[PDB]
């Protein structure tokens, strides 16, 4: 799993840093994911696995990994050619259920990303709206 293993290493290395995660570290993780593009399904799986299992403090950094990977891929391969956003979209409800287990004050950070994704057409609005609704529902509960 050479390319995937090197990606898993970069992803897991988040556990060795206290958030906020640096630009430099996010770039390293992102470059590893792009290099492993042949195995993009496995990369998406590893990110989702990480988000599912990580400590609450790493939920938002896990989302920043998705954002960073998706935006780099769109830049590098073309917006319509990017394989990562459509693949991340498949289990995105599950993913955000897990992300919303973050500390209370980190919920706003998730919404900021969602609003940027909508604004910049990173993901389809149809996909984004239930994710935003989920934020709001937890705010009332």
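Positions refer to the first chain, counted from 1.
Taking the mean C-alpha B-factor of each stretch as recorded, 9-17 and 120-128 are not equal, and the higher mean is that of 120-128. Per the deposited record, the Cα B-factor of residue 87 falls in the lowest third when ranked against the other modelled residues of its chain.
The entry lists a Cα temperature factor for residue 60 that places it in the middle third of the chain's modelled residues.
Sort the chain's modelled residues by C-alpha temperature factor and residue 33 lands in the lowest third, per the entry.
Residue 70: CA B factor in the middle third of modelled residues in this chain (values from the PDB entry). Sort the chain's modelled residues by C-alpha temperature factor and residue 45 lands in the highest third, per the entry.
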